[PDB]
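Chain residues, written in single-letter form:
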Amino acid sequence: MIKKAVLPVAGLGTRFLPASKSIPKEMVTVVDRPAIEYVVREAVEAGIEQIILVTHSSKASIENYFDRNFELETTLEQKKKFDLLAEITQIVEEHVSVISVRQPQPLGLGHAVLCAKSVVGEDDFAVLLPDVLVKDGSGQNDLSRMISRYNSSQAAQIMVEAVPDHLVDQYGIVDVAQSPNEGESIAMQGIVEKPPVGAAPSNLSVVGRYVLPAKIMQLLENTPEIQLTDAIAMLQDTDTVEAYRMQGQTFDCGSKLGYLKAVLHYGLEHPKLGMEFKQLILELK
Amino acid sequence: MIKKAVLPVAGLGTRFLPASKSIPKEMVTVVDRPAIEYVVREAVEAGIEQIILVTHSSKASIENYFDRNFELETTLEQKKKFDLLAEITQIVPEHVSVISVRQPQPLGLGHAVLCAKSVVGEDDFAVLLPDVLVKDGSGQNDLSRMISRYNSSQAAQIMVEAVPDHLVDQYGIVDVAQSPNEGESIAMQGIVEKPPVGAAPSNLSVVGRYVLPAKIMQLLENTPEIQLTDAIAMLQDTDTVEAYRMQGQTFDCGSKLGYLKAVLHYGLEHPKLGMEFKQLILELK
Ligand SMILES: O=c1ccn([C@@H]2O[C@H](COP(=O)(O)OP(=O)(O)OP(=O)(O)O)[C@@H](O)[C@H]2O)c(=O)[nH]1
Ligand SMILES: O=c1ccn([C@@H]2O[C@H](COP(=O)(O)OP(=O)(O)OP(=O)(O)O)[C@@H](O)[C@H]2O)c(=O)[nH]1
């Protein structure tokens with residue numbers, strides 16, 4: 001049914017400096033692999049086949065990480081380290097493509113999703129902000145559940161999560177009737193940015209996953225900084241727009257500090273490293 | 001007056017994979033800055049004025065990180081974001097030069113140091129392996145100690161530190177008459193590579209920190225593909241060579257568990273993130 005994700009990655013990482021001065025912020029080493037691995041893996045594990053990096057002139061280290069490296073592949077072999085060889089050989093599944101198009105000047109996410117117009121054609125497509133990680137535990141991920149909900153309903157979906165009632169000013173917060181349950185959706189007439197700490201419509205924050213149709217690109221070319229939330233504003237005129245509520249847990253790798261938080265959570269959960277890792281903490285006082 | 005330092009960064013970090021598949025294992029972000037910054041910030045602290053990168057074609061990221069980034073610099077005086085701009089200009093004093101030389105083929109540590117002969121000229125010099133981070137809390141880092149000691153003694157200095165008797169076959173370890181006290185040096189008759197767990201002349205791992213006479217250049221052009229501990233022998237005939245035991249802590253950012261250990265110990269002491277980070281940690285158990 002749904003098989004194109006668009007991943008915007010043209011962002012200068014200003015807040016993630018100097019780490020992101022010379023490499024991209026998408027390649028930040030979370031435990032033992034770059035951040036963009038987990039965001040793609042999420043998409044792959046959901047039923048996506050075609051990844052679409054909207055990318056910048058400087059983020060070639062990204063496209064390259066989904067591709068065969070001759071020089072390494074051949075040194076690994078001469079070492080006889082073939083386990084490790086078969087890591088780098090099969091990062092994505094053999095039946096997944098990774099595509100590039102260029103956001104020429106960085107004029108915000110909305111202008112970035114619009115750069116995929118041509119690759120997305122008439123297909124209904126998800127988005128994933130890769131500066132945000134998501135950690136399902138259930139077994140089936142939040143993008144999995146969200147999509148099947150966009151297959152059933154035909155309503156553009158918007159992933160959101162509950163925050164403390166005293167921190168709703170940091171977040172774009174969705175409007176709704178009542179708050180739908182962990183891993184369900186309910187209609188929504190619009191998102192408010194940094195609402196007043198009282199007088200906020202909901203305690204549910206735009207996370208930065210979306211499943212939209214192609215209508216949306218025609219709208220992006222007519223939004224009076226081009227706003228995605230402006231385009232979903234116009235979609236509402238014609239089409240039902242719901243809020244899919246997470247069951248798992250997000251991480252803001254866009255920020256130095258939500259990055260450190262992510263290293264702790266995934267590191268402890270690392271199939272090999274976790275054991276030896278949990279030890280390295282304990283050992284600290 | 002030791003004022004030059006060969007940083008060999010031509011490796012392919014197979015041991016630190018796939019982190020370092022598409023970015024150097026030196027550009028790997030410890031807390032908020034890549035790993036190599038800590039090594040240079042160490043070399044500069046100890047009097048170095050010329051940083052000689054023996055590098056590979058996979059590794060512009062590095063040379064660039066020590067350069068003007070034109071889009072970031074000019075974009076951040078648009079936003080008059082003076083604090084973030086601060087974060088990517090001061091990286092090393094105006095007087096510190098960073099010079100690239102290319103290691104065509106990875107035919108050994110030995111063979112890297114010798115690609116820099118051309119540039120080191122007739123002049124005694126230091127060698128710093130980035131794989132390895134060193135941490136002071138003494139107010140004179142281990143390298144400046146070693147350069148105080150080459151200057152007064154005139155005798156080459158091998159930084160070593162002690163390891164459990166049962167991992168000695170994972171290291172070069174040195175032939176010493178006795179163990180030099182944390183912070184001092186003693187003559188040594190030679191080093192061994194990976195001496196079987198029994199036949200180790202000492203517990204002291206060669207760490208990855210050398211001060212050397214510039215005529216080692218001339219003994220690397222004639223060794224039994226080229227090994228340093230080889231050339232440090234041939235000196236060991238003509239001249240005195242001393243093992244300096246280190247007083248500060250040590251982290252291998254070529255091993256995974258070693259990089260994770262550093263994210264923790266460095267991060268807990270970060271000016272800003274430190275107090276906020278420690279917090280994240282107390283919040284897990
Ligand atoms: O013009 C833009 C803005 C943002 N984006 C993409 O949208 C996502 C959101 O990116 P962020 O909003 O976290 O910011 P940024 O990376 O542009 O830089 P800072 O504000 O942290 O300094 C990132 O993955 C980025 O690549 C673009 O592709 N183009
Ligand atoms: O022949 C050599 C050996 C070492 N080095 C320099 O030593 C440093 C790392 O030494 P390593 O031995 O860790 O390099 P590697 O990246 O090949 O990793 P392994 O999988 O072999 O463990 C790097 O900074 C590299 O440039 C060379 O440049 N050439």
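Residues numbered from 1 in each chain as written, not as in the entry; some residues may be left out. Chains lettered and ligands numbered in written order. Heavy atoms only, no water. Residues with missing side-chain atoms left out of burial classes, pairs and counts.

Per the deposited record, determination of this structure is attributed to X-ray crystallography, with the resolution reported as 3.2000 Å.

A. Quick peek at the packing of aromatic side chains. With a centroid separation of 5.3 Å and 85° between ring planes, the pair formed by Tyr65 of chain B and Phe66 of chain B is classed as edge-to-face. When the centroid spacing of 5.5 Å and the interplanar angle of 50° are considered together, the rings of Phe251 of chain B and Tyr266 of chain B count as tilted. In this pair, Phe251 of chain B is assigned in strand β11 (residues 249–252) and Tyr266 of chain B in helix α10 (residues 256–267), connecting sequence segments 15 residues apart. Ring pairing ties together the aromatic residues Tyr38, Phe251 and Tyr266 of chain A, which thus form one cluster. Stacked on the ring of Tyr38 of chain A, the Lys or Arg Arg41 of chain A has its end atom at 5.6 Å from the ring centre. Stacked on the ring of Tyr65 of chain A, the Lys or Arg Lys21 of chain B has its end atom at 5.2 Å from the ring centre. (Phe/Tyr/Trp six-rings, centres within 6.5 Å; stacked < 30°, edge-to-face > 60°. Helix = DSSP H or I, 4+ residues; strand = E, 2+ residues; numbered from the N terminus. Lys NZ or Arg CZ within 6 Å of the ring centre and 35° of its normal.)

B. The UniProt feature "binding site: UTP 2" (unreviewed entry) in chain B, seen in detail. All names here are of chain B. Using the residue numbers shown here, the UniProt feature "binding site: UTP 2" (unreviewed entry) corresponds to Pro8, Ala10, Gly11, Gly13, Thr14, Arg15, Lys25 and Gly108. Looking at where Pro8 falls in the secondary structure, it is placed in strand β1 (residues 4–9). Here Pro8 is in contact with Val54, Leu109, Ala112, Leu128, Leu129 and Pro130, once residues within four sequence places are set aside. You can see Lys25 is positioned in the loop between β1 and α1 (36–45). Filtering out sequence-adjacent residues up to four positions away, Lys25 remains in contact with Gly13, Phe16, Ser20, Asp131, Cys253 and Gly254. At a separation of 3.5 Å, a polar atom in the side chain of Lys25 contacts the side chain of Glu26. (UniProt positions renumbered as here; feature names shortened; annotations may be inferred. Contact = heavy atoms within 4.5 Å. Polar contact = N/O pair within 3.5 Å; in protein donor to acceptor, adjacent residues only side chain to side chain.)

C. Inspection of the UniProt feature "binding site: UDP-alpha-D-glucose" (unreviewed entry) in chain A at higher detail. Residues and elements named next belong to chain A. Mapped onto the present numbering, the UniProt feature "binding site: UDP-alpha-D-glucose" (unreviewed entry) falls at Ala10, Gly11, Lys25, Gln103, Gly108, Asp131, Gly172, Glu193 and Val206. Across 197 residues of sequence, these annotated residues are also dispersed in space, with a maximum C-alpha separation of 24.6 Å. Relative to the helices and strands, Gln103 resides in the loop between β5 (97–102) and α5 (109–113). Not counting chain neighbours up to four residues away, the residues in contact with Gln103 comprise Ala10, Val54, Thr55, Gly108, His111, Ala112 and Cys115.

D. The packing of helix α11 (residues 273–282) of chain A against α10 of chain B, seen in detail. In the contact formed by α11 of chain A and α10 of chain B, the axes pass within 10 Å of each other and the chain directions differ by 35°. Here α11 of chain A and α10 of chain B pass one another in a crossing that is right-handed. Of the residues in α10 of chain B, those touching α11 of chain A at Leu273, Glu276, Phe277, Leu280 and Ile281 of chain A are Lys256, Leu257, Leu260, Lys261 and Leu264 of chain B. Each residue belonging to the contact of α11 of chain A with α10 of chain B can be placed in one class, and the counts come to seven nonpolar, no polar and three charged. (Axes fitted to C-alpha atoms, helices over the stretch in contact; angles between N-to-C directions. Left-handed = near helix turned anticlockwise from the far one by under 90°. Nonpolar A, V, L, I, M, F, W, Y, C, P; charged D, E, K, R; others polar.)

E. Representation of the interface of chain A and chain B. Each side of the interface is counted separately: chain A has 47 residues, and chain B has 46 residues. Its residues placed into classes, the side of chain A that touches chain B shows 26 nonpolar, nine polar and twelve charged.

F. How the structure looks around the pairing of strand β8 (residues 185–193) of chain B. Residue and element names in this part refer to chain B. Across four bridges, strand β7 (residues 172–176) lies against β8 in antiparallel orientation. When the sheet's bridge partners are listed, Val174 is paired in β8 with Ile191. As paired elements, β8 and strand β10 (residues 241–245) share three bridges and run antiparallel to each other. Among the inter-strand pairings, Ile186 is bridged to a residue of β10, identified as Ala243. (Pairing = 2+ DSSP bridges.)

G. Representation of the UniProt feature "binding site: UDP-alpha-D-glucose" (unreviewed entry) in chain B in the model. Residues and elements named next belong to chain B. Per the UniProt record, "binding site: UDP-alpha-D-glucose" (unreviewed entry) is annotated on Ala10, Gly11, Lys25, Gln103, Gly108, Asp131, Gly172, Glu193 and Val206. Turning to its location among the elements, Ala10 is positioned in the loop between β1 and α1. Once residues lying within four places of it in the same chain are set aside, the contact partners of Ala10 are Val54, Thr55, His56, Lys59 and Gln103. Here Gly172 lies in strand β7. Discounting chain neighbours no more than four positions away, the residues touching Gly172 are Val192, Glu193, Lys194, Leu204, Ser205 and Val206.

H. Region of the structure containing the packing of helix α10 (residues 256–268) of chain A against helix α11 (residues 273–282) of chain B. Contact geometry of α10 of chain A with α11 of chain B gives a least axis separation of 10 Å together with a crossing angle of 30°. Here α10 of chain A lies roughly parallel to α11 of chain B, going by the angle between them. Crossing angle aside, the handedness with which α10 of chain A passes α11 of chain B is right-handed. The segment α10 of chain A lies against α11 of chain B, with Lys256, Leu257, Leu260, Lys261 and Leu264 of chain A engaging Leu273, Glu276, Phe277, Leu280 and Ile281 of chain B. The residue inventory of the contact of α10 of chain A with α11 of chain B, partitioned by class, reads seven nonpolar, no polar and three charged. (Parallel < 35°, antiparallel > 145°, perpendicular 65-115°, else oblique.)

I. Layout of the side chain of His56 of chain B. Secondary-structure assignment places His56 of chain B in the loop between β2 (50–55) and α2 (60–65). Within the structure, the side chain of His56 of chain B is placed 2.9 Å from the side chain of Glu71 of chain A, a separation counted as a polar contact. Within polar-contact distance, the side chain of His56 of chain B engages the backbone nitrogen of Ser58 of chain B at 3.1 Å. Apart from residues lying up to four places away in sequence, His56 of chain B is in contact with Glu71 of chain A together with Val9, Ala10, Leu12 and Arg102 of chain B.

J. Main features of the UniProt feature "binding site: UTP 2" (unreviewed entry) in chain A. Under the local residue numbering, the UniProt record ascribes the feature "binding site: UTP 2" (unreviewed entry) to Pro8, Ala10, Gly11, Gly13, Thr14, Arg15, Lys25 and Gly108 of chain A. Among the structural elements, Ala10 of chain A can be located in the loop between β1 (4–9) and β2 (29–30). Tracing the backbone through its elements, the reader meets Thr14 of chain A in the loop between β1 and β2. Residue contacts for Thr14 of chain A: discarding those within four places in its chain leaves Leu76 and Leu84 of chain B.

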